[PDB]
There are 2 protein chains.
Amino acid sequence: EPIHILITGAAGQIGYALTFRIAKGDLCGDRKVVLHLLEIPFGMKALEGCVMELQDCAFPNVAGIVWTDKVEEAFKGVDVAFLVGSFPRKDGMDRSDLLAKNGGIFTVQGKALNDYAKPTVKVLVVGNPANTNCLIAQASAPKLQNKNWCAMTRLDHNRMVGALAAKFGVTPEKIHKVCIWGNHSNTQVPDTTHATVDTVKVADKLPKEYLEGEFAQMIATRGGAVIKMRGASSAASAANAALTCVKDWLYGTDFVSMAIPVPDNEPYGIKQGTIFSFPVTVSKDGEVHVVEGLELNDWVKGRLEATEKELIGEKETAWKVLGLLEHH
Amino acid sequence: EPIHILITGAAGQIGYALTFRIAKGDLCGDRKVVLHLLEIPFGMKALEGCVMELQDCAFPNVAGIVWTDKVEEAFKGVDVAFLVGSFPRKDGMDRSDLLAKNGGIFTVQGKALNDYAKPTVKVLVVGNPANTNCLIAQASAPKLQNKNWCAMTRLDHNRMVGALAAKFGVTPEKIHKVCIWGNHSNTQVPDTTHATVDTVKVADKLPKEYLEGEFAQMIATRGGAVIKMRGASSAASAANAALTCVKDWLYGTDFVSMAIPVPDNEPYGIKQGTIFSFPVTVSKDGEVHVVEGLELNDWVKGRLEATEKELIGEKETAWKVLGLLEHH
């Protein structure tokens, strides 16, 4: 009965921030966890040190610890996978250079999940490019359906809640119905046209130029802004984003943002074949449902074409440098 | 009614790990917190970035945020102070060099607490040398009693619980009555002669040479071991140590380890005038009580003389480089 939860790139800043929250029992309440920790050989020494810290925390909620560089051992029997680790974008690197390196990582992990993980596993891809990476993993796992998969857009989601909370001078508990559409970055759509605040609708309380201009642009650049100030990745906020994304994913929910494989229904004319972020509700059985009947203005719609265009374009590059054919 | 909680050195690794736990509501449950964050001018840019992350977490439990380099603004009205920040030991530095630099920091903060903080504030000193630093702060605050003060030994405490948990193959919830005596490091006494495990006493289940030799020496060197592996300070485990130390300090408790000003009672012949770590119970009113009637063997007692000797010696050096007289 204890739940097996995997974190890749576990000795890094994001993984390190997430391990201890999960281990404390923040993700699964009073249910004991068997924490799975994966690192590349360069990180095994640091991972070991992280594991030492975990013991030094003395969490009763921790049933066990699997820490390894072997993916069969790391991915075996897990119910939740936080695919945090990835190949970081470096200087002089094309997107196709990025997609090539991450493609190899996530085709391996996609199949690792498929063979070793539970058929009922929930995979949250965090490593960039999340959406396209998640698509690589999904395409490597023939046994797994698409309910198993999700890329994270919850950080930009909470960045919206937090920012709107502070604008209205209200606690974040009283901002509802925000969402991110599309890709996790570059073209993510900060949609504030359904949002409310404790209760008047955010839309007819703040200017359209603000919400769909300055505000939107702040969301898009928030990640880099934090990095510039701290000189480090948005570790704690992201780890919180991923934890709560999976929290709701497991136990239900207004609505939240999740980058999921586009359903056969193809809501809002978003073409199937990419990992696309939607405003979604989640049932208490952990079933994700896209919020289907919304009024999108010419800004939101035009922003959707921009982000889907990027997703489809990026996946086309992934197939290109992965040497893939139609039936792949 | 929201509680004002201060963290010094807030943009550092320990402070950063602690801010988000406190903000989530881990320390004070469902009570809203007003997080106070202090940094030196070199850290104000990073602190600002940390504060950005905090917004991006969207914690409803967070009532407000004071982040500053001004100590009057940082220390005003606070109920809990995590004195994390300090002057780090560098190469070519004497202990008197260390005590000189930290002396200035903590005499300022000791008086900052005195003037600006609540009279009922609880101060947990984390920055090295914790015990002696706490004594500097205490000696600068004439209005404050000694119930206001504590240095942290909870990390080595939990390092014992965690290590004994794993040895007996039991969850850490089922190890009781361990304690650290004396100074927070160098001469801390890992006392396992009252310890139990779910129920036989740890003492008559593991060898005396182990518990009071190899085991003791592992505790003493655990901090450095973690650092050597991770290439970084034991951030998460410490932040957890401090949070739970204050947790119990506020809401009560077997017993825990706390470095407190030696009571007038002078338990175990430990002379008053230092900040000494004891096995303590804590009442539900947050009143700390030293566990007074214990059987100490010749190892424990000899280890107490060694650690008190260090505390008294270190405080004598602090007075020396602070240019202090008898009435100080």
(message) To make sure I understand the rule: partners must be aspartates and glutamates, Cα under 16 Å from the Cα of B:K70, and not fewer than 8 residues away in the same chain. Which ones qualify?
(response) B:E39, B:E48, B:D115
(request) Rounded to the nearest 0.05, what FRET efficiency do B:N297 and A:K167 give with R0 = 60 Å and r taken as the Cβ-Cβ distance? Could you check? (result) 0.45
(request) Quick one: P(r) of the stretch A:221-326 from all Cα-Cα pairs, 10 Å bins, percents rounded to integers, in order of increasing distance. (result) 12, 32, 36, 19, 1
(message) Need one number: nm distance between label points at B:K70 and B:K90, each 7 Å from Cα along Cα→Cβ, rounded to one decimal.
(response) 2.9 nm
(message) Taking beta carbons within 10 Å but only from partner chains, what does the mean come to for residues A:99-111?
(response) 0
(message) Output needed for the stretch B:152-328: three equivalent-ellipsoid semi-axes, defined as square roots of 5 times the C-alpha gyration tensor eigenvalues, in descending order, whole Å.
(response) 26, 19, 18
(request) Send over the Kirkwood Rh of the protein assembly as shown, from the inverse of the averaged 1/r over different Cα pairs, rounded to one decimal Å. (result) 26.2 Å
(request) Give me a single rounded figure for A:147-159: the average over its residues of other chain Cβ atoms within 10 Å of their Cβ. (result) 1
(request) Report, for chain A, the % of DSSP beta bridges that are antiparallel, rounded to 5. (result) 45 percent
(message) Which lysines, if any, have their Cα less than 17 Å from the Cα of B:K247, not counting same-chain residues under 8 positions apart?
(response) A:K24, B:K24, B:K32, B:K122, B:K147, B:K284
(message) Residue by residue through the stretch B:304-312, what is 3J(HN,Hα) from phi via Karplus (6.51 cos²θ - 1.76 cosθ + 1.60, θ = phi - 60°)? Round to whole Hz and write x for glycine and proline.
(response) 6, 5, 5, 7, 5, 4, 6, 5, 5
(request) Please list, or write none, the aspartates and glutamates whose alpha carbon is within less than 19 Å of the alpha carbon of B:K271, excluding same-chain residues fewer than 8 places away. (result) B:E292, B:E295, B:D298, B:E305, B:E308, B:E310, B:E314, B:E316, B:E326
(request) Would you order B:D198, B:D69, B:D191, B:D156 from fewest to most other beta-carbon atoms within 10 Å of each residue's own beta-carbon? (result) B:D198, B:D69, B:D156, B:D191
(request) Please work out whether the stretch B:1-151 counts as rounded, prolate or oblate from its C-alpha gyration tensor, where a ≥ b ≥ c are the square roots of the eigenvalues and a/c under 1.5 means rounded, while otherwise a/b larger than b/c means prolate and anything else oblate? (result) oblate
(request) Based on alpha-carbon positions alone, could you give the equivalent ellipsoid semi-axes of chain B from the gyration tensor, as √(5λ), descending, whole Å? (result) 30, 24, 19
(request) Specify the inter-centroid distance of the stretch B:153-197 and the stretch B:47-95, based on alpha-carbon positions, in whole Å. (result) 29 Å
(request) Enter the mean number of other protein chain beta carbons within 10 Å of the beta carbon of each residue in B:42-52, as an integer. (result) 4
(request) Calculate one ³J(HN,Hα) per residue across the stretch B:41-49 by plugging θ = phi - 60° into the Karplus curve 6.51 cos²θ - 1.76 cosθ + 1.60, and present them in order as whole Hz with x for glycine and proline. (result) x, 5, x, 4, 6, 5, 4, 3, x
(message) I'd like the trypsin sites (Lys or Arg not before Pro) in the stretch A:1-87 restricted to DSSP loop residues with at most 11 other Cβ atoms within 10 Å, sorted by number.
(response) A:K70
(request) For a footprinting-style exposure proxy, rank A:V161, A:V189, A:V71 by other Cβ within 10 Å, fewest first. (result) A:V71, A:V161, A:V189
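Within the stretch B:283-328, list the trypsin sites (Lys or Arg not before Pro) lying in a DSSP loop whose Cβ has at most 16 other Cβ atoms in a 10 Å radius. Let's see the in-between values first.
Working: sites: B:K284, B:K301, B:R303, B:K309, B:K315, B:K320; in loops: B:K284.
Qualifying residues, ordered by number: B:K284.
Once every DSSP H run of n ≥ 4 in chain B is given -39500 (n - 2.57) and the sum is divided by its residues, what mean residue ellipticity at 222 nm do you get, rounded to the nearest 500 deg cm²/dmol? Mind showing how you got there, number by number?
Numbers: 9 runs with 134 residues, N = 328.
Result for chain B, helices only: -13500 deg cm²/dmol.
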(request) Return the percentage of antiparallel bridges among DSSP beta bridges fully within the protein assembly as shown, rounded to the nearest 5 %. (result) 45 percent
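All of the numbers you see were taken from the coordinates with simple rules; none came from a lab. Reconstructed Cβ throughout: ideal geometry from the backbone, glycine too, with neighbour counts over all protein chains shown.
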